[PDB]
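J.: query-v2.cif (mmCIF, C-alpha atoms) pasted underneath:
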data_protein
#
loop_
_atom_site.group_PDB
_atom_site.id
_atom_site.type_symbol
_atom_site.label_atom_id
_atom_site.label_comp_id
_atom_site.auth_asym_id
_atom_site.auth_seq_id
_atom_site.Cartn_x
_atom_site.Cartn_y
_atom_site.Cartn_z
ATOM 1 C CA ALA A 1 52.881 117.276 109.958
ATOM 2 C CA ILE A 2 53.761 113.791 111.020
ATOM 3 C CA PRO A 3 56.880 112.159 109.506
ATOM 4 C CA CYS A 4 56.006 108.556 108.780
ATOM 5 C CA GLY A 5 59.615 107.516 108.251
ATOM 6 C CA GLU A 6 58.846 106.159 104.819
ATOM 7 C CA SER A 7 59.573 108.228 101.747
ATOM 8 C CA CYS A 8 58.162 108.448 98.221
ATOM 9 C CA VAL A 9 61.553 108.919 96.575
ATOM 10 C CA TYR A 10 61.541 105.786 94.483
ATOM 11 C CA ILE A 11 57.957 104.731 94.642
ATOM 12 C CA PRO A 12 54.797 106.318 96.191
ATOM 13 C CA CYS A 13 53.926 105.971 99.849
ATOM 14 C CA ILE A 14 52.553 102.700 101.167
ATOM 15 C CA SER A 15 51.933 104.596 104.360
ATOM 16 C CA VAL A 16 49.038 106.358 102.528
ATOM 17 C CA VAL A 17 46.772 103.982 104.454
ATOM 18 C CA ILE A 18 48.002 105.677 107.643
ATOM 19 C CA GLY A 19 47.340 109.041 106.045
ATOM 20 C CA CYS A 20 50.895 109.720 105.036
ATOM 21 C CA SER A 21 51.012 111.603 101.801
ATOM 22 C CA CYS A 22 53.953 112.085 99.452
ATOM 23 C CA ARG A 23 55.232 115.461 100.528
ATOM 24 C CA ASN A 24 58.656 116.622 99.349
ATOM 25 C CA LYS A 25 59.729 113.068 98.428
ATOM 26 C CA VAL A 26 58.958 111.901 101.961
ATOM 27 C CA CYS A 27 55.761 110.502 103.442
ATOM 28 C CA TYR A 28 54.222 113.011 105.785
ATOM 29 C CA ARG A 29 50.820 113.132 107.230
#
What's the structure tokens form of this structure?

T.:
Amino acid sequence: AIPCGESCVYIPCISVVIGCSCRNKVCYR
């Protein structure tokens, strides 16, 4: 799993374009 730094705590991941999915409130690939 790749931590994208960004999280989906407040709002969903913007890093979804990179393939980062909202996983445990954090954006992980």

J.: Could you please determine the separation between CA of residue 24 in chain A and CA of residue 8 in chain A in Å, to one decimal place?

T.: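 Atom-to-atom, CA of residue 24 in chain A to CA of residue 8 in chain A, that is 8.3 Å.
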
J.: Take the PyMOL selection byres ((chain A and resi 9) around 10), apply it to the structure above, and return the hits as a VMD selection string.

T.: chain A and resid 6 to 8 10 to 13 22 to 27

J.: Using all atoms listed in the file, which protein or nucleic acid residues come within 7 Å of residue 19 in chain A? Drop anything in the same chain fewer than 3 positions from it, and give the result as an mmCIF file with C-alpha atoms, in the frame of the given file.

T.:
data_model
loop_
_atom_site.group_PDB
_atom_site.id
_atom_site.type_symbol
_atom_site.label_atom_id
_atom_site.label_comp_id
_atom_site.auth_asym_id
_atom_site.auth_seq_id
_atom_site.Cartn_x
_atom_site.Cartn_y
_atom_site.Cartn_z
ATOM 1 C CA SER A 15 51.933 104.596 104.360
ATOM 2 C CA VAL A 16 49.038 106.358 102.528
ATOM 3 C CA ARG A 29 50.820 113.132 107.230
#

J.: Evaluate the PyMOL selection byres ((chain A and resi 1) around 8) on the structure here and hand back the selected residues as an MDAnalysis selection string.

T.: chainID A and resid 2:3 28:29

J.: Mind working out the centre and edge lengths of an axis-aligned box for range 5-23 of chain A, all listed atoms inside, 4 Å added to each side, rounded to one decimal in Å and written as AutoDock Vina command-line options?

T.:
--center_x 54.2 --center_y 109.1 --center_z 101.4 --size_x 22.8 --size_y 20.8 --size_z 21.8

J.: How would range 1-28 of chain A of the given structure read as a file with N, CA, C and O atoms, as a short mmCIF file (atom, residue, chain, number, x, y, z; two decimals), in the first residue's frame?

T.:
data_model
loop_
_atom_site.label_atom_id
_atom_site.label_comp_id
_atom_site.auth_asym_id
_atom_site.auth_seq_id
_atom_site.Cartn_x
_atom_site.Cartn_y
_atom_site.Cartn_z
N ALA A 1 0.85 -1.18 0.00
CA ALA A 1 0.00 0.00 0.00
C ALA A 1 0.87 1.21 0.00
O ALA A 1 1.88 1.25 0.71
N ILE A 2 0.52 2.20 -0.79
CA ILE A 2 1.33 3.39 -0.87
C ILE A 2 0.61 4.56 -0.21
O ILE A 2 -0.50 4.92 -0.63
N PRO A 3 1.17 5.11 0.87
CA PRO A 3 0.63 6.30 1.53
C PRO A 3 0.82 7.52 0.63
O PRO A 3 1.95 7.84 0.23
N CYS A 4 -0.25 8.19 0.31
CA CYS A 4 -0.18 9.32 -0.60
C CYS A 4 -0.08 10.65 0.15
O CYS A 4 -0.12 11.72 -0.46
N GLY A 5 0.03 10.57 1.46
CA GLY A 5 0.17 11.76 2.28
C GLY A 5 -1.17 12.37 2.63
O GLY A 5 -1.45 12.66 3.80
N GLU A 6 -1.98 12.54 1.62
CA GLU A 6 -3.31 13.10 1.73
C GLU A 6 -4.23 12.13 2.49
O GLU A 6 -3.99 10.90 2.51
N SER A 7 -5.25 12.67 3.10
CA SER A 7 -6.18 11.88 3.85
C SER A 7 -7.61 12.19 3.37
O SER A 7 -7.83 13.18 2.67
N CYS A 8 -8.55 11.37 3.76
CA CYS A 8 -9.95 11.54 3.39
C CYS A 8 -10.78 11.75 4.65
O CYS A 8 -11.96 11.38 4.72
N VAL A 9 -10.16 12.38 5.64
CA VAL A 9 -10.77 12.65 6.93
C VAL A 9 -11.96 13.60 6.78
O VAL A 9 -13.08 13.28 7.20
N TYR A 10 -11.72 14.72 6.16
CA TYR A 10 -12.72 15.75 6.04
C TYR A 10 -13.50 15.55 4.77
O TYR A 10 -14.73 15.49 4.78
N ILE A 11 -12.79 15.45 3.69
CA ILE A 11 -13.37 15.27 2.39
C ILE A 11 -12.66 14.11 1.70
O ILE A 11 -11.57 13.73 2.15
N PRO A 12 -13.26 13.51 0.66
CA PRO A 12 -12.64 12.39 -0.07
C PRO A 12 -11.28 12.74 -0.68
O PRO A 12 -10.87 13.91 -0.70
N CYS A 13 -10.60 11.75 -1.17
CA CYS A 13 -9.28 11.92 -1.72
C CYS A 13 -9.32 12.59 -3.09
O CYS A 13 -10.18 12.30 -3.93
N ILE A 14 -8.41 13.51 -3.29
CA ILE A 14 -8.23 14.19 -4.56
C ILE A 14 -7.14 13.41 -5.29
O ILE A 14 -7.04 13.39 -6.53
N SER A 15 -6.37 12.69 -4.50
CA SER A 15 -5.32 11.84 -4.97
C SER A 15 -5.86 10.54 -5.62
O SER A 15 -5.09 9.66 -6.01
N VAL A 16 -7.19 10.45 -5.79
CA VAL A 16 -7.82 9.30 -6.44
C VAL A 16 -7.35 9.18 -7.89
O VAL A 16 -7.34 8.09 -8.44
N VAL A 17 -6.93 10.30 -8.46
CA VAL A 17 -6.41 10.34 -9.82
C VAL A 17 -5.07 9.57 -9.89
O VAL A 17 -4.74 8.96 -10.90
N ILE A 18 -4.36 9.57 -8.78
CA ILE A 18 -3.07 8.90 -8.67
C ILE A 18 -3.31 7.41 -8.35
O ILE A 18 -2.44 6.56 -8.53
N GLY A 19 -4.51 7.12 -7.90
CA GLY A 19 -4.87 5.77 -7.54
C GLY A 19 -4.96 5.59 -6.05
O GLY A 19 -5.03 4.48 -5.55
N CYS A 20 -4.95 6.70 -5.34
CA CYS A 20 -5.04 6.68 -3.90
C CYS A 20 -6.50 6.62 -3.49
O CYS A 20 -7.29 7.50 -3.84
N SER A 21 -6.86 5.60 -2.78
CA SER A 21 -8.21 5.40 -2.37
C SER A 21 -8.35 5.74 -0.89
O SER A 21 -7.37 5.68 -0.13
N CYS A 22 -9.55 6.12 -0.48
CA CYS A 22 -9.82 6.41 0.91
C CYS A 22 -9.80 5.11 1.69
O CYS A 22 -10.68 4.25 1.52
N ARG A 23 -8.78 4.93 2.48
CA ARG A 23 -8.57 3.72 3.23
C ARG A 23 -8.19 4.07 4.65
O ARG A 23 -7.10 4.58 4.90
N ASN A 24 -9.11 3.86 5.56
CA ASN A 24 -8.96 4.16 6.99
C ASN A 24 -8.67 5.65 7.19
O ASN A 24 -7.69 6.06 7.81
N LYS A 25 -9.53 6.46 6.57
CA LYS A 25 -9.51 7.93 6.65
C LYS A 25 -8.26 8.57 6.01
O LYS A 25 -8.11 9.79 6.03
N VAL A 26 -7.42 7.77 5.41
CA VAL A 26 -6.22 8.26 4.78
C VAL A 26 -6.19 7.77 3.33
O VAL A 26 -6.80 6.75 3.01
N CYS A 27 -5.53 8.48 2.45
CA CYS A 27 -5.48 8.09 1.06
C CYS A 27 -4.30 7.17 0.80
O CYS A 27 -3.12 7.58 0.87
N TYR A 28 -4.61 5.93 0.54
CA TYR A 28 -3.63 4.92 0.26
C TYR A 28 -3.93 4.27 -1.05
O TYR A 28 -5.09 4.04 -1.39
#
